[PDB]
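Participant: So that you have it, the file is data-v2.cif, and it contains mmCIF, C-alpha atoms:
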```cif
data_model
#
loop_
_atom_site.label_atom_id
_atom_site.label_comp_id
_atom_site.auth_asym_id
_atom_site.auth_seq_id
_atom_site.Cartn_x
_atom_site.Cartn_y
_atom_site.Cartn_z
CA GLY U 14 5.46 -17.59 12.16
CA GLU U 15 5.59 -15.69 15.46
CA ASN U 16 8.53 -13.35 14.94
CA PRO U 17 8.24 -10.03 13.14
CA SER U 18 11.25 -10.46 10.89
CA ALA U 19 8.96 -9.03 8.24
CA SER U 20 5.47 -9.27 9.71
CA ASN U 21 4.16 -9.34 13.27
CA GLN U 22 1.47 -11.52 11.65
CA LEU U 23 -1.00 -8.79 12.56
CA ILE U 24 -0.18 -5.99 10.13
CA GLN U 25 -1.49 -4.47 6.89
CA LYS U 26 0.59 -5.14 3.76
CA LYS U 27 3.70 -7.33 3.82
CA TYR U 28 1.99 -9.71 6.17
CA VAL U 29 1.98 -13.41 6.92
CA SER U 30 -1.53 -14.56 7.67
CA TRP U 31 -2.80 -15.08 11.19
CA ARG U 32 -3.86 -18.47 9.82
CA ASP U 33 -0.41 -19.70 10.83
CA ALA U 34 -1.48 -19.22 14.42
CA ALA U 35 -5.17 -19.98 13.99
CA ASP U 36 -5.62 -22.82 11.54
CA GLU U 37 -2.92 -25.01 13.06
CA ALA U 38 -4.48 -24.63 16.51
CA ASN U 39 -7.91 -25.01 14.91
CA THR U 40 -7.30 -28.47 13.59
CA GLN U 41 -6.36 -29.36 17.15
CA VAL U 42 -9.33 -27.89 18.97
CA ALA U 43 -11.69 -29.45 16.44
CA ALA U 44 -10.74 -32.89 17.75
CA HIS U 45 -12.69 -31.76 20.79
CA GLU U 46 -14.87 -29.11 19.18
CA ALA U 47 -18.06 -30.17 20.96
CA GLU U 48 -16.56 -29.43 24.37
CA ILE U 49 -15.71 -25.94 23.13
CA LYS U 50 -19.33 -25.12 22.41
CA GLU U 51 -20.29 -26.73 25.73
CA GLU U 52 -18.45 -23.93 27.56
CA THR U 53 -20.92 -21.56 25.92
CA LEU U 54 -23.83 -23.35 27.61
CA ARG U 55 -22.19 -22.54 30.95
CA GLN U 56 -21.12 -19.08 29.81
CA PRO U 57 -22.90 -16.27 31.73
CA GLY U 58 -23.48 -14.43 28.47
CA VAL U 59 -24.82 -17.19 26.21
CA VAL U 60 -26.87 -18.87 28.96
CA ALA U 61 -29.10 -15.79 29.00
CA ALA U 62 -30.30 -16.88 25.55
CA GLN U 63 -31.46 -20.28 26.83
CA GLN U 64 -33.03 -18.55 29.79
CA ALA U 65 -34.94 -16.19 27.51
CA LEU U 66 -35.99 -19.01 25.20
CA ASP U 67 -37.92 -20.60 28.07
CA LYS U 68 -39.61 -17.26 28.69
CA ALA U 69 -40.62 -16.89 25.04
CA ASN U 70 -41.51 -20.58 24.92
CA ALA U 71 -43.86 -19.96 27.85
CA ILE U 72 -46.11 -17.98 25.51
CA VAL U 73 -49.17 -20.13 24.83
CA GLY U 74 -51.48 -20.28 21.83
CA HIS U 75 -50.75 -19.71 18.16
CA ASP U 76 -48.78 -16.68 19.33
CA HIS U 77 -46.32 -19.25 20.69
CA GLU U 78 -44.70 -20.06 17.33
CA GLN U 79 -44.98 -16.41 16.27
CA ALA U 80 -43.13 -15.22 19.36
CA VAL U 81 -40.55 -17.99 19.48
CA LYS U 82 -39.90 -17.85 15.72
CA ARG U 83 -37.92 -14.65 16.10
CA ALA U 84 -36.65 -15.12 19.66
CA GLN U 85 -36.00 -18.85 20.09
CA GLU U 86 -34.22 -19.05 16.76
CA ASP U 87 -31.74 -16.38 17.83
CA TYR U 88 -31.12 -18.22 21.13
CA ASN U 89 -30.95 -21.66 19.49
CA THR U 90 -28.58 -20.15 16.92
CA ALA U 91 -26.56 -18.41 19.64
CA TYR U 92 -25.30 -21.71 21.05
CA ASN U 93 -24.72 -23.21 17.60
CA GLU U 94 -22.89 -20.13 16.34
CA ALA U 95 -21.05 -20.15 19.66
CA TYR U 96 -19.25 -23.30 18.50
CA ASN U 97 -17.57 -21.06 15.92
CA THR U 98 -17.35 -18.13 18.36
CA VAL U 99 -15.76 -20.00 21.26
CA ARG U 100 -13.62 -22.06 18.84
CA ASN U 101 -12.13 -18.89 17.33
CA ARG U 102 -11.39 -17.72 20.86
CA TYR U 103 -10.12 -21.20 21.74
CA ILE U 104 -7.72 -20.84 18.84
CA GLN U 105 -6.13 -18.01 20.80
CA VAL U 106 -6.21 -20.02 24.03
CA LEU U 107 -4.78 -23.31 22.76
CA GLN U 108 -2.35 -21.74 20.31
CA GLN U 109 -0.16 -19.96 22.87
CA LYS U 110 -0.03 -23.13 24.97
CA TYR U 111 0.64 -25.35 21.97
CA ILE U 112 3.25 -22.98 20.51
CA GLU U 113 5.89 -24.02 23.05
CA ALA U 114 4.87 -27.66 22.57
CA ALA U 115 5.06 -27.26 18.79
CA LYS U 116 8.84 -26.79 19.00
CA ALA U 117 9.29 -30.43 19.98
CA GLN U 118 6.72 -31.59 17.43
CA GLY U 119 7.95 -29.50 14.53
CA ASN U 120 4.27 -28.86 13.87
CA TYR U 121 4.01 -25.35 12.45
CA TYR U 122 7.00 -23.47 11.11
CA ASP U 123 8.21 -20.84 13.52
CA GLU U 124 11.44 -18.93 13.81
CA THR U 125 11.14 -18.63 17.59
CA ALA U 126 10.78 -22.34 18.24
CA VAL U 127 10.86 -24.74 15.31
CA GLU U 128 12.72 -23.47 12.23
CA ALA U 129 11.83 -20.33 10.26
CA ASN U 130 9.03 -17.78 10.57
CA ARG U 131 7.59 -18.12 7.13
CA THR U 132 7.54 -20.86 4.57
CA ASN U 133 7.32 -20.13 0.83
CA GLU U 134 3.52 -20.16 1.17
CA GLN U 135 3.64 -17.80 4.14
CA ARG U 136 6.14 -15.65 2.25
CA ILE U 137 3.64 -15.52 -0.60
CA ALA U 138 1.10 -14.17 1.89
CA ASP U 139 3.47 -11.28 2.45
CA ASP U 140 4.13 -10.84 -1.28
CA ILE U 141 0.41 -10.94 -2.13
CA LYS U 142 -0.03 -7.50 -0.56
CA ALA U 143 2.84 -6.30 -2.72
CA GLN U 144 1.15 -7.97 -5.69
CA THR U 145 -2.41 -6.74 -5.28
CA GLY U 146 -2.45 -4.84 -2.00
CA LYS U 147 -5.20 -6.87 -0.38
CA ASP U 148 -4.61 -8.41 3.04
CA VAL U 149 -5.78 -11.91 2.20
CA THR U 150 -4.66 -15.45 3.02
CA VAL U 151 -2.66 -18.05 1.11
CA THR U 152 -2.70 -21.82 1.59
CA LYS U 153 -1.06 -24.75 -0.18
CA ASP U 154 -3.96 -26.94 -1.28
CA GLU U 155 -4.10 -30.70 -1.81
CA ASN U 156 -2.51 -30.33 -5.24
CA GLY U 157 0.29 -28.17 -3.89
CA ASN U 158 -0.99 -24.89 -5.29
CA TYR U 159 -1.07 -21.76 -3.18
CA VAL U 160 -4.70 -20.71 -3.11
CA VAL U 161 -5.34 -17.10 -2.17
CA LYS U 162 -8.37 -16.88 0.05
CA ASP U 163 -10.14 -13.67 0.88
CA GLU U 164 -11.40 -13.11 4.42
CA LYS U 165 -14.92 -13.73 3.10
CA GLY U 166 -13.87 -17.37 3.04
CA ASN U 167 -13.55 -17.72 -0.72
CA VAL U 168 -10.39 -18.28 -2.75
CA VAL U 169 -10.21 -15.27 -5.05
CA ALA U 170 -6.88 -16.09 -6.68
CA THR U 171 -4.23 -18.79 -6.93
CA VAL U 172 -0.44 -18.58 -6.99
CA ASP U 173 1.95 -21.04 -8.60
CA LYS U 174 5.56 -22.04 -7.81
CA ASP U 175 6.72 -18.49 -8.56
CA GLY U 176 5.01 -17.28 -5.40
CA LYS U 177 4.12 -14.05 -7.18
CA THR U 178 1.59 -15.52 -9.59
CA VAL U 179 -1.74 -13.80 -9.02
CA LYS U 180 -5.00 -13.83 -10.97
CA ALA U 181 -5.37 -10.05 -10.73
CA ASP U 182 -1.97 -8.46 -11.31
CA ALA U 183 0.29 -9.04 -14.34
CA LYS U 184 1.46 -12.43 -13.08
CA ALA U 185 -0.26 -15.37 -14.75
CA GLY U 186 0.86 -18.97 -14.60
#
```
Could you render the structure as structure tokens?
Facilitator:
Amino acid sequence: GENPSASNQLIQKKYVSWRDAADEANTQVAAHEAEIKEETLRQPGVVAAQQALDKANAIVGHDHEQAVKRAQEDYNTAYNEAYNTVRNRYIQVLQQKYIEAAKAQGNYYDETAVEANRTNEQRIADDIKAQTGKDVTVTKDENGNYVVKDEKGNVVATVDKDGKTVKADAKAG
């Protein structure tokens, strides 16, 4: 949906979710997700955590576990969380490269490559801000329903075929 015929896909209200860009690329990168995190272990920023873990781990005695509890956890977590971190960034990296490839694959729906910028679902994303005002996401689930997910990661509402149906405004169905 890269074409601001209604949304630049990075705008407040009347907006098609960035998920168009992200989630499609995300499914791709996840096929090789482990390699993504691996870049973090060679990343000048994250490596410093490993480096510091050894320093904290060098503490001997019962103070060892006490010291490392706070410190080593953060480092250990840094690399693990980095899978998400670097993946989210990798979304940006792979997406732009895959976008031009997507045209031949008909993968995601785009008006500057494949077909149109927004599908009904993506259109609903735009309408949702007209409906409630919140800049949230919409996705067609397994059953074919358009689930409205808040950026917290939880589906707060659901829209039906009408594309305006919302469990908050005066549109039930």
Participant: Just want the 12 Å neighbourhood of stretch 126-130 of chain U, counted on all atoms listed in the file, with same-chain residues fewer than 5 positions away dropped. Output as a ChimeraX atom specification.
Facilitator: /U:14-22,28-30,33-34,111-121,135-136,139
Participant: Tell me, as a PDB file with C-alpha atoms, keeping the file's coordinate frame, which residues lie within 10 Å of residue U:62, counting only C-alpha atoms; anything in the same chain fewer than 2 positions away does not count.
Facilitator:
```pdb
ATOM      1  CA  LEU U  54     -23.830 -23.350  27.610  1.00  0.00           C
ATOM      2  CA  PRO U  57     -22.900 -16.270  31.730  1.00  0.00           C
ATOM      3  CA  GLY U  58     -23.480 -14.430  28.470  1.00  0.00           C
ATOM      4  CA  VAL U  59     -24.820 -17.190  26.210  1.00  0.00           C
ATOM      5  CA  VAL U  60     -26.870 -18.870  28.960  1.00  0.00           C
ATOM      6  CA  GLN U  64     -33.030 -18.550  29.790  1.00  0.00           C
ATOM      7  CA  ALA U  65     -34.940 -16.190  27.510  1.00  0.00           C
ATOM      8  CA  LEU U  66     -35.990 -19.010  25.200  1.00  0.00           C
ATOM      9  CA  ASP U  67     -37.920 -20.600  28.070  1.00  0.00           C
ATOM     10  CA  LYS U  68     -39.610 -17.260  28.690  1.00  0.00           C
ATOM     11  CA  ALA U  84     -36.650 -15.120  19.660  1.00  0.00           C
ATOM     12  CA  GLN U  85     -36.000 -18.850  20.090  1.00  0.00           C
ATOM     13  CA  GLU U  86     -34.220 -19.050  16.760  1.00  0.00           C
ATOM     14  CA  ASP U  87     -31.740 -16.380  17.830  1.00  0.00           C
ATOM     15  CA  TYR U  88     -31.120 -18.220  21.130  1.00  0.00           C
ATOM     16  CA  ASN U  89     -30.950 -21.660  19.490  1.00  0.00           C
ATOM     17  CA  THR U  90     -28.580 -20.150  16.920  1.00  0.00           C
ATOM     18  CA  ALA U  91     -26.560 -18.410  19.640  1.00  0.00           C
ATOM     19  CA  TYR U  92     -25.300 -21.710  21.050  1.00  0.00           C
TER      20      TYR U  92
END
```
Participant: Compare U:185, U:49, U:44, U:170 by their minimum atom-to-atom distance to residue U:100, counting all atoms listed in the file, and give me the closest one.
Facilitator: U:49
Participant: Tell me which protein, DNA and RNA residues are within 12 Å of residue U:149, counting only C-alpha atoms, leaving out same-chain ones fewer than 6 positions away, and put them as a count of residues only.
Facilitator: 31
Participant: To verify the selection step, state as a PyMOL selection string which residues the PyMOL selection byres ((chain U and resi 96) around 8) yields on this input.
Facilitator: chain U and resi 46-47+49-50+53+92-95+97-100
Participant: Given all atoms listed in the file as the basis, pick out the residue of U:173, U:159, U:103, U:145 nearest to residue U:48.
Facilitator: U:103
Participant: Just how far from atom CA of residue U:150 is atom CA of residue U:102, in Å to one decimal?
Facilitator: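 Those two atoms sit 19.2 Å apart.
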Participant: Could you please determine the separation between atom CA of residue U:154 and atom CA of residue U:41 in Å, to one decimal place?
Facilitator: 18.7 Å
Participant: Using atom CA of residue U:69 and atom CA of residue U:82 as the two end points, give the distance in Å to one decimal.
Facilitator: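 Spanning atom CA of residue U:69 to atom CA of residue U:82 is a straight-line distance of 9.4 Å.
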Participant: Would you mind telling me which residue in U:39, U:108, U:151, U:182 lies nearest to residue U:131 when using all atoms listed in the file?
Facilitator: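 Using all atoms listed in the file, residue U:131 sits closest to U:151.
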Participant: Go through U:55, U:174, U:110, U:184 and flag the residue nearest residue U:157, using all atoms listed in the file for the distances.
Facilitator: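 Nearest to residue U:157: U:174.
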